[PDB]
Every structure is written in C-alpha cells, then in structure tokens.
> 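First the structure, then my questions, so here it is.
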Amino acid sequence: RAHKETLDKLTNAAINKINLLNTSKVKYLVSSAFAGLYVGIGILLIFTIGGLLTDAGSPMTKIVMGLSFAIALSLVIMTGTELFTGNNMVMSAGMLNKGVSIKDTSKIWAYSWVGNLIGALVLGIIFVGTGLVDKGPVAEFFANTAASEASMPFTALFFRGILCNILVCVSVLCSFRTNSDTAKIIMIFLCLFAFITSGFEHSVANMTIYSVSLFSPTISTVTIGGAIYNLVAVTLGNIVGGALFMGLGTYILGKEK
Amino acid sequence: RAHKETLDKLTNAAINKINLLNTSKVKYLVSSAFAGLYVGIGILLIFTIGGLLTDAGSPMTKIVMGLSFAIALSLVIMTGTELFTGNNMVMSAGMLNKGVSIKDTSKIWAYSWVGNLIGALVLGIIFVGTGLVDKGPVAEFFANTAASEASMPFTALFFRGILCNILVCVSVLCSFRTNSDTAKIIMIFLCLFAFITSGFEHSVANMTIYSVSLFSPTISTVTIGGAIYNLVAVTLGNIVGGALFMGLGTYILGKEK
Amino acid sequence: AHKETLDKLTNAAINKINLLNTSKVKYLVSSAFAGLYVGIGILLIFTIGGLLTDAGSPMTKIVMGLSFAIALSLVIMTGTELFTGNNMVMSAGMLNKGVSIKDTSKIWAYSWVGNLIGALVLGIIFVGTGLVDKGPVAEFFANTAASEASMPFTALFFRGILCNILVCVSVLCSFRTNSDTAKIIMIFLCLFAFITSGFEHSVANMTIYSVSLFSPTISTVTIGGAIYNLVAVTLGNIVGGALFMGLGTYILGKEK
Amino acid sequence: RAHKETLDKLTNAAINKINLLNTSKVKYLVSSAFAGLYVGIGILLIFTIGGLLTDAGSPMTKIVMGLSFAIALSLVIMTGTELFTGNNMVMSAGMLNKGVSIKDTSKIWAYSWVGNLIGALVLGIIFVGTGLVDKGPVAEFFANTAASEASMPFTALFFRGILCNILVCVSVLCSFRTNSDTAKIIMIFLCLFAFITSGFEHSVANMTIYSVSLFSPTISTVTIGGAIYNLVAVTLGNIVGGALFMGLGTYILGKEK
Amino acid sequence: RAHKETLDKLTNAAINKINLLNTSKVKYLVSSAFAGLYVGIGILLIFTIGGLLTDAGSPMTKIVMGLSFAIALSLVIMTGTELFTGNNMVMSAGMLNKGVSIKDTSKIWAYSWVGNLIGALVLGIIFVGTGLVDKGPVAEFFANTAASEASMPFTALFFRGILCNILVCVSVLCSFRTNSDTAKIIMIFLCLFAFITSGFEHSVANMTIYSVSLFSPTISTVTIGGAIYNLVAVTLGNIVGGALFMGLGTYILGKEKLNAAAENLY
Ligand SMILES: CCCCCCCCO[C@@H]1O[C@H](CO)[C@@H](O)[C@H](O)[C@H]1O
Ligand SMILES: CCCCCCCCO[C@@H]1O[C@H](CO)[C@@H](O)[C@H](O)[C@H]1O
Ligand SMILES: CCCCCCCCO[C@@H]1O[C@H](CO)[C@@H](O)[C@H](O)[C@H]1O
Ligand SMILES: CCCCCCCCO[C@@H]1O[C@H](CO)[C@@H](O)[C@H](O)[C@H]1O
C-alpha cells in the first residue's frame with residue numbers, strides 16, 4: 001500500500017500528457033499513432049492465430065489468442081506511447097486530484113483516440129498490402145469477427161468494454177506501482193490474457209479489426225457504419241471502466257483527506 | 001532465515017491495516033471491493049476456460065485452469081488491495097505478536113470479507129451484462145460448478161478451505177520475504193496453480209462464482225441458502241488455514257522468546 | 001566463488017544447530033512446514049498424474065515434472081528446514097569444521113522427523129477434503145504408493161542418490177545467486193529433471209505414504225512397505241547430498 | 001516518458017557505429033558476420049521445427065516457429081553485434097538528429113548488410129556440412145520455403161518487409177529504454193513471435209534461408225536470381241519500416257523543438 | 001559495446017583456470033567431474049523424454065527435448081564448474097590476448113575433458129544402478145541413439161560439433177556480458193533448445209550417452225571403438241566452433257587496435 005504516491009504519479013502523468021499536447025500536437029499525435037499501431041500489431045498476430053486454429057477446429061483457439069496478445073500493451077508501456085484506453089484512468093484520477101481540468105481530459109481523450117485510430121489506419125493499409133488477407137483463413141477470420149462485432153447488441157458491447165478497460169487500466173496501474181520492467185510485462189501478459197480469452201472488448205484493438213476489414217478488397221462483410229457502431233459502444237464502455245472504476249477508485253485510495 | 005524480520009513485517013502490516021480502517025471506512029471498503037473484483041476476474045477467465053475445455057472433453061481442463069488463475073492474487077499484491085484470505089495470516093500473526101488486538105482482527109476480517117463480497121457482486125452484475133453467460137458452455141460451467149459447490153459436505157468444504165488458504169497465505173508470506181516483484185508473481189502463480197488444480201476452495205473466489213450464478217437468469221441450479229452454506233464452510237476453513245497454520249506458524253518461527 | 005560458497009554453507013550449518021539447541025519447538029515447526037510444503041507439490045502432481053494417466057496421455061510424467069517446482073520453491077522462499085537439503089549443508093559445514101558429526105546426525109534426525117510430522121498433518125487434512133475418496137486421483141496415489149513399496153532396494157537407493165544431487169544442487173545454486181527469480185528457475189529445472197527422470201525424494205514420499213495410509217480407500221501398501229521405501233530412499237538421498245554435494249562443495253571451496 | 005533521452009541514446013549508438021567502421025573495417029565486418037550468423041541460427045531452429053511439424057500436418061506449425069525464433073535477435077542484442085535491420089532505425093534517427101551524415105548511414109547500411117550476408121554464407125556452408133539437409137522433411141522445408149519466397153509478388157514482399165522491421169526495430173527500441181536484460185529478451189521474444197507467426201519478412205533471416213538452399217546439393221527450384229529478387233524487395237521494405245517509421249518516429253518523439 | 005571489457009573478463013577467466021589447475025589438480029578435476037555430471041543430468045532427462053515420446057509416436061519429441069535441456073549448462077554456469085566446451089572459447093581468447101600460453105590452453109583442455117569424462121562415468125554407473133534402463137523405451141532410446149551416433153560419418157559429426165559449440169560458447173559469452181542471473185539462464189535455455197532441436201553435437205553430453213551404454217547390461221552393440229570415434233570427431237568440431245569462431249571472434253571484437261604494439265587490424 002502506497003496509494004497516495006501512486007495517485008501522485010497518476011496525477012503527474014496526466015499533467016505531463018496535457019502539457020505535451022499543448023506543447024506539440026505533432027508529437028502527441030505521433031505518439032498516439034504509434035500506440036494504435038502497436039496495439040494493432042497484437043491483433044494481426046492473434047487474428048492470424050485465430051485463422052490458423054479456427055480452420056483446424058481447435059478448442060484452444062481463444063486461449064492461445066489470449067496468451068499471445070501481450071505484445072499489444074507491452075509495446076505501449078515499454079515505448080512510452082499514448083494509448084486512449086489507459087488515458088481513461090490516468091486523466092480521471094488526475095482531474096479528480098485537481099492536477100488537470102475536465103477540458104484537459106476531454107482534449108487528451110479526443111486526440112489520443114484519433115491518433116490511435118490514425119495508427120490503426122496506417123497499419124491496416126500496410127497489412128492489406130502484404131497480400132496476407134487476400135483469401136483464406138486469416139481473411140475469413142477478420143471478415144467473420146468484424147461482422148459479429150458490428151452486429152452484437154449495444155448492452156453486450158458496452159459491458160464488455162467496461163471489463164476490458166478495468167483489465168487494461170489495472171495493468172497500467174501495476175506499471176506505476178513497480179520498478180521492475182519484467183514485472184510490468186508479466187502483469188500486462190496476465191491482464192491481456194484474461195481480457196481477450198474472457199471475451200471483453202478494447203476500442204483501440206477494434207480499430208485495427210475494422211481498418212483491415214474495410215481496406216481489404218476481398219473482405220466484404222462489414223461497412224464503415226458497422227465499425228462506428230461497434231467503436232462507439234466499446235469506447236463508451238472502456239471509458240466507464242477506466243474512469244469510473246479505475247480512475248475514481250485509485251483517487252479514493254490515494255487521496256489524503 | 002529472517003523469521004523475526006518476517007514477523008516484524010507481518011506485525012507492521014497488521015497495524016497498518018487496522019489504522020487504515022479506523023481512519024477511513026470508505027478507503028478500506030473500496031480497497032476490499034477492488035480485491036474481491038480482481039480475484040473474481042481470475043474466476044471469469046478460468047471458468048471461461050472451464051467452459052471451453054469441458055465442452056471439448058479435454059483432460060487438460062483443470063490443469064489449464066490452475067495455470068491461468070495467477071492473475072487473481074497477482075493483481076491483489078501488485079495493487080496493494082485488501083483481501084480477506086490474506087488477512088487471516090497477517091492479522092493473526094500481528095495479534096499473537098501484540099501489535100493489534102483480537103477486536104482489531106475480527107474487525108479487519110469482517111470488513112475485508114464484506115468489502116470483497118461487494119467487489120464480487122459488482123463484477124457479477126457487469127459480467128452478466130456482457131451477455132457472456134446467456135447460454136452456452138460458459139454459462140453451463142458456472143451453473144454446474146455452483147451446484148456441485150453447494151451440495152458438497154461441510155467437512156469436505158472446510159478441509160478444502162484450510163489447504164487453499166495455506167497456499168494463498170504462503171504466497172503472501174513469500175511476498176513479505178523477497179524484494180523482487182517478479183519472484184512474488186511467480187510464487188503466486190505456483191501457489192494458485194497448486195490450489196486450483198488440486199481442488200481447494202477459496203471463499204472470496206466463490207463469491208464471484210455465486211454472484212454470477214445469482215445474477216444470470218440462465219443459471220438456475222443453485223440457491224441463496226446453498227451459496228451461504230458453501231461460503232460459511234469455506235470461509236471457516238480459510239480462517240483455520242490462514243490463522244491457525246500460517247499465522248501461528250510464522251509467529252512461532254519469528255518470536256524472540 | 002567456491003571459498004565464499006563454502007563459508008555460506010558452513011554458516012548455514014552453524015545456524016541450524018544453534019537453532020535446534022535454542023528451541024526444539026521452533027526447529028520442529030520449521031521442519032513440519034517444509035515437510036508440508038514439499039507434500040503440497042505431491043498433491044498437485046499426483047492430481048495431475050491421476051487426470052492424465054486416466055486419459056492415457058504420453059505427457060503425464062513430463063507435465064508432473066514441470067509442475068513440481070512449488071515443492072522446493074516454497075521451502076527456499078520461506079526459509080524452512082528440509083531434511084534433504086540438510087544432507088549437503090551439514091556435511092559441508094562438518095568437513096569445514098563449523099559443526100560436528102554429532103550436530104549433523106542430530107539435525108538430520110530432527111529435520112527428518114519434523115518433515116514427517118508436516119507430511120502426516122498434510123495427509124490427514126488432504127484426506128479430509130474428500131478428494132481421494134474415489135476416482136483417478138485416489139487411484140494414482142494408491143497405485144504409486146504400491147509400486148514404490150515393491151521396488152528393489154538397490155533401485156530405490158540409486159534413485160535417491162540422483163534425486164538429492166538435484167535437490168541439493170538447486171539449494172547450492174540458491175547460495176550462489178542473489179536473484180530470487182534465478183533461484184526459483186534453477187529449482188524449477190532441477191525438480192523437473194528429478195521428477196521426470198524417475199528419481200526419489202524421501203520427504204516427498206512421506207506425503208505419498210501419509211495420504212495412502214490415511215485414505216480408507218483400498219491399496220496394496222502397508223506400513224511395512226512404506227517404511228521400507230522411506231529407509232532405502234533416505235539412505236540414497238543422504239549419499240547424494242553428503243557424499244557428492246557436501247564433500248564436493250567442501251573440496252571446491254576449502255583453502256588448503 | 002523519456003523520449004529525448006532515448007533519441008540521445010540512438011544518436012550516440014549511430015555515432016559509435018560509424019566511428020567503429022572508420023576505425024576498423026575488420027572489426028565492423030566481423031561483428032556484422034556474427035550477427036548474420038546469430039540470426040541464421042534462429043532460422044536453422046525454426047526451419048527444423050517447420051520441417052518436423054509440417055511433415056506431421058500440425059496446425060500449430062507457424063505458431064511454434066514464432067515462439068521459437070527469439071534466439072535470433074536475443075543473441076544479437078546480448079552480444080552487442082551489428083545487425084543491418086536494427087541499423088535502419090538507429091542510423092536514421094541519428095542522422096535526423098544530426099549526429100551522423102547521410103553518407104555515414106549508407107556506409108553503415110552497406111557494410112552491415114554485406115557483413116550480415118557473410119555470416120549467413122558461413123553458417124549455410126557449415127550447416128550443409130552437418131548433413132542435416134541431405135534429405136527429409138527439414139531439407140524439403142528449406143527447399144519449398146526458399147522457392148515460395150522467391151516467387152512472391154514484389155509488393156507483397158515489400159509490405160511484409162515494412163511490418164517485419166517495425167517489429168525488429170521496436171524490439172531494439174525497447175532495449176534502449178530498459179536497463180533490465182530480462183525485459184529486453186522478453187520484448188524480443190514477443191516481437192519475433194509476432195513477426196514470424198504473422199508472416200512478415202526479414203532480409204537478414206532470408207540470407208540464411210538462401211545460403212542453405214543454394215549451398216545444399218539437394219535440389220530446389222530457387223536460383224541465385226530468385227534469391228536476389230527476394231532479398232532486394234525485402235531489404236527495401238525493411239529500410240522503410242526501420243527508417244521511415246521507427247527512425248523518423250523516434251526522432252519526432254525525442255527532438256527538442 | 002562493450003567488447004574490450006568482455007575480452008578482459010574472458011582473459012581473466014582463462015588466467016584463473018590455469019592458476020587453479022596449477023594450484024590443485026584435485027580441485028580442478030572435481031570441478032570438471034561436477035560439470036560432466038551436470039551436463040549428463042540434462043541427457044538423462046531429455047533421453048527419458050525421448051523414450052517416452054518416441055514410443056508414443058509424437059512429432060514434438062525433438063522440440064520437447066530441446067526445450068528441456070537447459071538444465072545442463074544452467075547448472076554448469078550457476079555452480080561455477082569447469083566445462084571443456086566452454087573452455088574452448090575462454091582459453092583461446094585469453095591465449096590470443098596473451099594472458100595464458102598455448103601450453104596452458106592444451107593443459108586446461110586436456111584436464112577439463114578428462115575431468116568431464118569422469119563425471120559422466122560416475123553418472124552413468126549410478127543411473128544404470130537405478131534400474132531405469134534395464135528395459136523399455138528409455139533403455140531403447142539410449143541404446144539406439146548410441147548406436148546411430150557411433151556410425152555417423154566423421155564430417156557430419158565434425159560440422160555438428162562446430163555449430164553446437166558456437167551455441168554453447170555464445171551462451172557462455174552472454175553470461176560474461178550480463179549481470180542478471182535470470183538473463184544468463186534464459187540465454188542458456190535458448191541456445192540449448194537451438195542446438196538440441198537442430199541436431200548439433202556436444203562432446204561432453206555424448207560422454208554420458210556412451211557411459212550409460214558402457215554400463216547398461218541390456219546390450220551395447222555400439223563398441224568402445226565406435227564411442228571413441230564419435231567422441232573424437234565431435235570434440236574436434238567443438239574445438240573449432242569454440243576456439244576458431246568464438247574465441248578468435250571475441251578477441252577481434254575486443255582487442256583495442258592501438259597495439260599495433262604488435263599487430264594491425266584495418
Ligand atoms: C490528424 C489530425 C488529428 C486532429 C484531431 C483533433 C481532435 C479534436 O478533438 C476535440 O478537441 C477539443 C480540444 O481542442 C475538445 O474540446 C473536443 O472535445 C474534441 O472533440
Ligand atoms: C456495507 C457496510 C459494511 C459494514 C460491515 C461492518 C460489520 C461489522 O461486523 C462486526 O464488527 C465488529 C467490530 O466493529 C466485530 O467485533 C464483529 O465480530 C463483527 O461481526
Ligand atoms: C516430536 C519429537 C521428535 C524428537 C526427535 C529426536 C531425535 C533425536 O535423534 C538423535 O539425537 C541425538 C542428540 O539428541 C543424536 O546424538 C543422535 O545422532 C540422533 O539420532
Ligand atoms: C568483404 C565485404 C566488403 C564489403 C564492403 C562494402 C563497401 C560499401 O561501401 C559503401 O557502399 C555504399 C552503397 O553500397 C555507398 O553508398 C557508400 O558510399 C560506400 O562507402
């Protein structure tokens with residue numbers, strides 16, 4: 001228990017985030033684009049695995065996918081880049097602790113979400129260019145997954161987005177509470193294993209699901225309207241999980257009253 | 001060997017726990033709610049695994065479940081939050097060592113148990129909201145497990161609770177005896193793998209098994225009366241394991257006499 | 001750093017006898033914990049053994065070896081007293097004139113009996129869970145306890161030698177590093193090797209026999225068979241830990 | 001975030017590389033040959049795995065190959081040797097940051113690529129001498145892979161080269177951002193898993209694919225022309241991924257404006 | 001870098017080895033016996049695994065064996081004991097760097113090789129005494145492997161020995177280049193996985209394969225002449241990999257060009 005010091009670090013991180021954005025939109029957006037791309041890389045890997053194992057009829061598909069997703073947030077944390085979903089916890093705890101304003105929070109949320117999407121778009125374009133989703137099990141895995149995501153009821157997506165960002169943000173929280181980089185990566189691995197395999201939903205990961213499916217001329221299951229519907233529901237859920245649960249929660253634990 | 005140093009750390013932790021509760025019930029209960037939910041997240045994952053592998057008739061089911069439970073206690077330790085089962089050893093050692101009273105101990109046990117339950121209930125509600133236990137093998141795995149859990153004889157549940165909390169508290173004990181966060185997680189991973197795969201029972205984990213079964217309209221196998229029966233039996237077993245083995249044991253090892 | 005390592009072994013031996021001389025209760029409680037922690041590893045890998053044997057898997061013994069690390073990891077991380085590690089520590093310390101032959105036999109006897117107490121307590125409580133009432137796990141304990149008790153003395157003895165070379169070398173590694181993670185990894189590798197290769201650990205066997213004798217489910221064991229196995233394996237363990245690891249580390253480290 | 005410190009570290013590493021080369025072509029080329037060989041060693045392992053599992057008809061082939069390739073970059077990083085693909089990010093960031101010139105960069109690129117190729121040639125010769133690709137599934141895996149790699153469309157290989165070197169360079173970037181050797185190896189393990197299993201292309205790894213295929217008297221439909229074609233397309237993609245994405249991006253993050 | 005400091009550590013390690021040997025033949029040979037035994041322990045495990053999975057028809061056999069061999073060199077490195085194959089790189093680098101003589105090197109190589117053999121012999125006898133290779137698939141795996149190893153052409157064995165000791169010595173090299181014991185062990189795990197699964201040959205591991213064959217009554221069919229032939233070809237390959245690739249390689253990386261005080265890199 002060093003909840004107070006932890007809240008101090010979250011607050012200092014929120015302050016530094018808005019300071020960076022005020023200093024340089026380009027640096028901020030570039031950082032955000034990296035993080036979106038790094039998360040998408042995890043999606044490329046586990047959807048390749050999904051295609052390979054689904055084709056085979058394996059019962060381990062979802063387990064292997066969850067075990068293999070760690071790289072997504074590991075890369076974000078180890079490169080120090082800006083991820084929308086972690087910003088839900090960091091900005092809300094900072095705002096509650098009076099380090100940043102509500103306008104700082106919406107600004108960081110908006111720019112990091114958009115920058116993240118830019119990363120996912122760039123990745124999607126390059127991945128299609130590889131020819132790796134022209135035809136076959138990986139293309140089909142993207143196609144079928146994107147369509148099921150776009151047709152899932154709003155309540156289901158919302159609540160899955162809540163549980164997802166509790167796991168993502170708590171993995172970010174762990175990284176603020178240890179000085180061991182290996183422990184950070186292990187905690188990320190566990191949290192991402194839990195969230196992927198349990199069936200929870202990450203807004204930024206989903207950007208790459210849709211970017212690949214939409215840019216691919218051979219994937220014809222989904223549509224931009226579908227992408228928006230899914231992303232809105234999941235983003236809202238992520239926000240509630242990261243800001244209302246983790247942000248508020250860590251403020252309560254840490255605030256010297 | 002460092003047994004005295006270890007007892008001194010346990011004693012300090014006990015003192016700090018009761019001081020926290022006395023200072024702020026809200027901070028104490030929020031921490032307890034977090035721990036209950038973090039442990040439940042482990043349940044959500046391994047029961048999803050349960051449902052996936054049982055439906056497939058796999059012999060590795062229980063082994064993969066044990067291997068995948070580590071997140072539950074790893075989150076608790078890395079976030080510094082309040083878990084009832086760990087408090088059995090810490091408060092008992094601290095009490096024997098005259099750092100805290102019997103009343104402090106009973107108070108910490110009651111508040112952390114109830115707070116853990118709040119966390120489990122909240123998690124259950126949100127998990128049911130995902131639509132992930134509407135129907136299918138995961139819902140069925142919850143429903144079948146919850147039914148067999150509340151129909152097991154008291155004595156079997158009690159003894160399963162003892163062995164479970166020897167393992168949970170010894171992994172907490174290890175965390176008091178190393179400065180390496182990675183060693184802490186590895187020891188937690190081993191102990192949780194042992195207790196889940198061997199078939200031991202954790203009261204706080206069971207809260208989430210029962211919260212999901214209670215909230216899901218598709219799960220109609222267990223009853224409030226049965227959940228209560230299981231929880232009492234297992235809580236009592238956990239208490240004997242944590243306080244009478246680990247608490248008393250570590251006091252005996254460390255006390256300068 | 002062989003000299004420094006021998007000094008650490010010698011200091012550890014001196015601390016063990018000083019502890020036993022100061023408090024039999026503290027010493028036996030530490031030993032009981034260690035016996036119970038090793039036994040917890042057996043409950044886990046025999047559960048695994050029951051599950052996979054039932055499935056006719058070819059990976060049974062490999063998964064069992066990979067999954068046993070907790071046994072010595074707990075002992076090392078809790079600083080508790082394990083008979084088998086004491087075979088190397090006390091012999092190195094005795095050769096190096098930190099402790100006496102009589103101190104060594106005394107530590108060996110107390111830690112062996114303390115470990116046994118931990119195994120018995122564990123066996124009783126595990127039987128109480130109802131988890132070996134019937135089914136593949138109960139059958140795996142019963143069948144393993146039976147085959148262990150019928151193996152020829154010489155086979156058990158040599159298996160005990162190789163087992164304690166591996167257990168004591170993992171303890172030796174723990175004296176040679178300041179990294180707790182490295183300690184656990186080396187323990188994991190050594191227990192993997194010894195379990196999967198089919199070697200025998202006296203203290204682990206105490207839990208095998210405590211479960212088997214406390215479970216009312218019918219086996220072909222008997223107390224005579226259990227004692228037979230424990231004696232043969234204990235003797236092999238002593239040779240592996242004291243004559244190989246203890247003498248060897250003394251030779252490497254002694255400033256002559 | 002420590003983006004400025006990181007950019008400074010990249011720049012210092014670029015200055016060190018060109019100073020090394022200017023000091024001794026022998027030392028520089030020997031270092032480069034080692035790295036080419038270390039990478040190639042990863043190829044021998046995973047192609048042996050490819051052969052064994054492909055022969056068996058396993059659906060896990062590409063997954064186990066990805067999991068098993070970590071040694072390639074782990075050796076390079078832990079030995080401090082010169083790898084062409086890593087040099088794409090490092091020299092470009094250092095050049096942008098005015099620590100080295102464009103001429104230095106192209107010189108480092110040329111020497112490290114040729115040096116890496118020398119190490120791949122030596123490895124291939126020696127591996128063929130073992131008799132391990134005289135015949136059988138491993139020999140056939142080399143022969144069929146080499147052939148399919150050489151007949152892939154230019155654009156496909158190019159985009160595959162881009163995504164590969166984003167992953168290789170970001171794992172190198174991680175090594176500059178932590179002091180933990182274990183964390184370095186873990187991130188490398190993750191990045192190499194992702195790039196191999198997803199199907200992306202590494203110029204230096206391909207040098208060993210082709211050295212083995214061409215030196216082995218057991219017959220394929222490859223040819224020197226096919227090898228060069230593949231190596232050029234993939235090298236160009238690696239340069240873009242390493243220099244235009246990672247080099248430029250890390251410069252933008254770290255540059256004080 | 002840091003090649004110069006790595007060369008210094010190699011050189012100092014070479015100096016300490018010959019000093020130890022000069023000081024006490026008994027200490028040096030006991031250290032070597034330990035290392036031979038520790039490596040052999042890796043063999044007993046992975047040949048047990050070999051027997052289990054071969055009998056079962058698994059295609060994962062050689063992969064699982066490679067994954068499970070890490071203990072062999074991890075024990076050597078974590079106990080600080082004397083392994084012939086590692087000494088190929090260490091003594092050659094230190095020799096090139098003028099810390100030890102050619103005679104020091106040949107001596108360390110001779111004593112460590114024989115010492116390693118002693119440990120493998122002791123291990124083989126004790127392992128046969130367990131009765132674990134009286135009959136069955138593990139017995140057959142040891143026996144079949146021993147026979148096939150003794151009948152492989154010299155050139156194949158030689159080249160396999162080169163690649164193996166590049167891997168073993170590079171893992172020893174990583175251990176000089178880090179202060180993290182866990183990193184040392186991970187690099188050892190990766191290098192041994194690569195060398196075992198790829199099919200490369202280790203002289204000291206082969207000593208235990210043959211010692212188990214020597215003492216197992218359930219047939220040898222192999223021949224002392226055959227074992228010797230295998231051991232010589234693989235030992236020579238190992239020497240080339242460790243000394244000519246790794247030893248000379250690390251000397252070249254590490255030696256500061258001023259000196260010149262004899263010779264000229266360019
Ligand atoms: C590639 C260019 C990306 C530009 C993304 C800009 C997104 C702006 O987003 C807006 O930012 C405002 C603060 O300026 C906030 O007040 C608004 O809530 C928010 O919608
Ligand atoms: C949601 C509100 C939760 C409040 C839980 C308080 C329950 C207290 O419960 C009681 O606490 C006493 C000390 O105060 C102890 O002595 C008793 O053993 C315990 O039953
Ligand atoms: C629970 C009670 C267990 C007590 C175990 C005591 C076993 C004593 O054991 C004996 O101790 C003597 C010194 O006291 C030594 O001289 C002997 O070598 C040793 O066998
Ligand atoms: C034995 C191997 C020797 C390889 C030496 C390669 C020399 C490369 O030299 C470099 O080539 C670049 C393009 O290739 C040019 O842009 C540089 O001007 C030139 O210095």
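What you see below is based on every heavy atom in this structure, not just the backbone, and it leaves out hydrogens, waters and symmetry mates. Letters A, B, ... mirror the listed sequences (proteins, then strands); counts begin at 1.
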> What are the two closest heavy atoms between E:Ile71 and C:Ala193, and how far apart are they?
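Heavy atoms of E:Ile71 and C:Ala193 come nearest at CD1-CB, 3.7 Å.
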> In terms of the angle between their ring planes, are C:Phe126 and B:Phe200 parallel, tilted or perpendicular, with boundaries placed at 30° and 60°?
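Ring orientation of C:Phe126 relative to B:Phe200: perpendicular.
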> Okay, side chain of B:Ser211, backbone of B:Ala120: is any donor-acceptor separation there less than 3.5 Å?
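Side chain of B:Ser211 to backbone of B:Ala120: a pair is present.
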> Looking at OG of C:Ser202 and CD1 of C:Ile238, how far apart are the two atoms once the value is rounded to the nearest 0.5 Å?
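CD1 of C:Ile238 is found 8.0 Å from OG of C:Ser202.
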> Can you tell me how the ring of C:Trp108 sits relative to the ring of C:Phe83, calling it parallel under 30°, perpendicular over 60° and tilted otherwise?
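Correct class here is perpendicular.
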> Is a side-chain donor or acceptor of B:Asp55 paired with a backbone partner of B:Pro137 at a separation under 3.5 angstrom?
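Side chain of B:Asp55 to backbone of B:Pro137: no pair is present.
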> Quick check for you: to the nearest 0.5 Å, what is the distance between B:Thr6 atom OG1 and B:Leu253 atom CG?
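Output value for this atom pair is 9.0 Å.
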> So, does B:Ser171 use its side chain to make a donor-acceptor pair with the main chain of B:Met187 at under 3.5 Å?
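Such a contact is absent between B:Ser171 side chain and B:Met187 backbone.
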> Would you please test C:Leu44 and B:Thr197 for side-chain contact (heavy atoms from CB on, under 4.5 Å) and show each step?
CA-CA 7 Å; C:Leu44 170 57; B:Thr197 302; 3.8 Å; yes
> A side-chain contact here means heavy atoms from C-beta on lying under 4.5 Å apart; do B:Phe189 and B:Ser74 qualify?
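Of all side-chain heavy-atom pairs linking B:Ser74 with B:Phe189, none is under 4.5 Å.
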> Would you check if B:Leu10 and B:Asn97 make a side-chain contact, meaning some heavy-atom pair closer than 4.5 Å?
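When only atoms from C-beta onward are counted, B:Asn97 and B:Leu10 do not touch, as no gap falls below 4.5 Å.
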> Are any of the side-chain heavy atoms of B:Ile252 and C:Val25 separated by less than 4.5 Å?
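A side-chain contact under 4.5 Å exists here.
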> Taking side chain to side chain donor-acceptor pair (under 3.5 Å) as the definition, give me every residue that meets it alongside C:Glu81, ordered by chain and number, with sequence neighbours left out.
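C:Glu81: side chain to side chain donor-acceptor pair (under 3.5 Å) contacts with C:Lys16, C:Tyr27, C:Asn86.
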> Could you tell me which non-hydrogen atom of C:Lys26 sits nearest to which non-hydrogen atom of C:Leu19, and how far apart they are?
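Heavy atoms only, the tightest pair is CB-CD1, 4.1 Å.
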> Between CD1 of C:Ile184 and CD1 of B:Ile186, what distance do you get to the nearest 0.5 Å?
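Result: 5.0 Å between the selected atoms.
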> Any side-chain heavy atom of C:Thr78 within less than 4.5 Å of one from C:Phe33?
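They are not in side-chain contact.
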> Considering all heavy atoms of both residues, which atom of B:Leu248 and which atom of B:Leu96 are nearest to each other, and what is their separation?
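Nearest heavy atoms, B:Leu248 then B:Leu96: CA-CD1, 3.7 Å.
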> Taking B:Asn230 for its side chain and B:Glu149 for its backbone only, find out whether a donor-acceptor pair lies under 3.5 Å.
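A pair under 3.5 Å: yes.
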> Measure from the side-chain N and O atoms of B:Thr250 to the backbone N and O of B:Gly247, and report whether any donor-acceptor pair falls under 3.5 Å.
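Between the backbone of B:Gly247 and the side chain of B:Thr250 there is a qualifying donor-acceptor contact (under 3.5 Å).
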> For the residue pair B:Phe141 and B:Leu52, establish whether any side-chain heavy-atom pair is separated by less than 4.5 Å.
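Side-chain contact under 4.5 Å: no.
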> Please assess B:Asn238 against B:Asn88 for the test side-chain hydrogen bond (donor to acceptor under 3.5 Å, both in side chains), listing each intermediate value before the final yes or no.
CA-CA 8 Å; B:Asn238 288 164; B:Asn88 301 161; over 6 Å; no
> Do you know the tightest heavy-atom contact between B:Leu7 and B:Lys255?
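B:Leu7 and B:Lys255 have their closest heavy atoms at CD2-N, 3.8 Å.
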> Just how far is it from atom CG of B:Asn144 to atom OG of B:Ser213, taken to the nearest 0.5 Å?
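Taking CG in B:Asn144 and OG in B:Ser213, the distance rounds to 10.0 Å.
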> Given side-chain contact (heavy atoms from CB on, under 4.5 Å), test C:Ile40 with B:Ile166 step by step and report yes or no.
CA-CA 10 Å; C:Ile40 277 167; B:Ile166 288 171; 4.1 Å; yes
> Enter the distance from B:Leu190:CG to C:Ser67:OG here, rounded to the nearest 0.5 Å.
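Taking CG in B:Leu190 and OG in C:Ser67, the distance rounds to 9.5 Å.
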> Counting only N and O atoms by type, is there a donor-acceptor contact under 3.5 Å from the side chain of C:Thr53 to the main-chain atoms of C:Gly50?
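Between the backbone of C:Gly50 and the side chain of C:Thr53 there is no qualifying donor-acceptor contact (under 3.5 Å).
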> Would you say C:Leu120 and C:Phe214 make side-chain contact, with heavy atoms under 4.5 Å?
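In short, these two side chains touch, coming nearer than 4.5 Å.
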> So, do C:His201 and C:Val233 sit near enough that their side-chain heavy atoms are less than 4.5 Å apart?
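Side chain of C:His201 against side chain of C:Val233, heavy atoms only: no contact under 4.5 Å found.
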> For a 4.5 angstrom cut-off between non-hydrogen side-chain atoms, does B:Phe245 reach B:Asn165?
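No - every pair of side-chain heavy atoms lies 4.5 Å or more apart.
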> Assess, by modelled atom type and distance only, whether the side chains of E:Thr130 and C:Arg159 contain a donor and an acceptor separated by less than 3.5 Å.
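No.
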> Please test C:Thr207 against C:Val211 for side-chain contact (heavy atoms from CB on, under 4.5 Å), starting from the C-alpha separation and ending with a verdict.
CA-CA 6 Å; C:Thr207 284; C:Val211 171; 4.2 Å; yes
> Looking only at the aromatic ring of each residue, does the gap between the centers of B:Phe195 and B:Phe69 stay below 6.0 angstrom?
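Ring centroids of B:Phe69 and B:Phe195 are less than 6.0 Å from each other.
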> Give a yes or no on whether the backbone of C:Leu230 and the side-chain of C:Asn205 come within a donor-acceptor separation of less than 3.5 Å.
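No, the answer is negative, given that no donor and acceptor are paired below the 3.5 Å cut-off.
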> Please check this pair: side chain of C:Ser147 against backbone of C:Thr144, looking for a donor-acceptor N/O pair closer than 3.5 Å.
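Such a contact is found between C:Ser147 side chain and C:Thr144 backbone.
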> Could you report the tightest heavy-atom contact between B:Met60 and C:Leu52, atom names first, then the distance?
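Looks like SD-CD2, 3.9 Å.
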> Strictly distance-based, threshold 3.5 Å: is any side-chain N or O of C:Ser174 a donor or acceptor partner for the main-chain N or O of C:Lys183?
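Here the side-chain-to-backbone pair does not exist.
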> Please indicate whether B:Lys9 has more than 12 foreign heavy atoms, meaning atoms of other residues, nucleotides or ligands, lying under 6.0 Å from its NZ.
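Yes.
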> Report yes or no: does C:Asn115 contribute a side-chain atom to a donor-acceptor pair with the main-chain N or O of C:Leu82 at less than 3.5 Å?
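Between the backbone of C:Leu82 and the side chain of C:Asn115 there is no qualifying donor-acceptor contact (under 3.5 Å).
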> Take C:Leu74 and B:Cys191 through the side-chain contact (heavy atoms from CB on, under 4.5 Å) test and state the conclusion after the steps.
CA-CA 9 Å; C:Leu74 282 181; B:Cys191 290; 3.9 Å; yes
> Just how far is it from atom CG of C:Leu162 to atom CG of C:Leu166, taken to the nearest 0.5 Å?
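Rounded to the nearest 0.5 Å, the CG-CG separation comes to 7.5 Å.
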> Might you point out which heavy atoms bring B:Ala150 and B:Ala227 nearest each other, and give the distance in Å?
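Minimum heavy-atom contact is CB-N, 4.3 Å.
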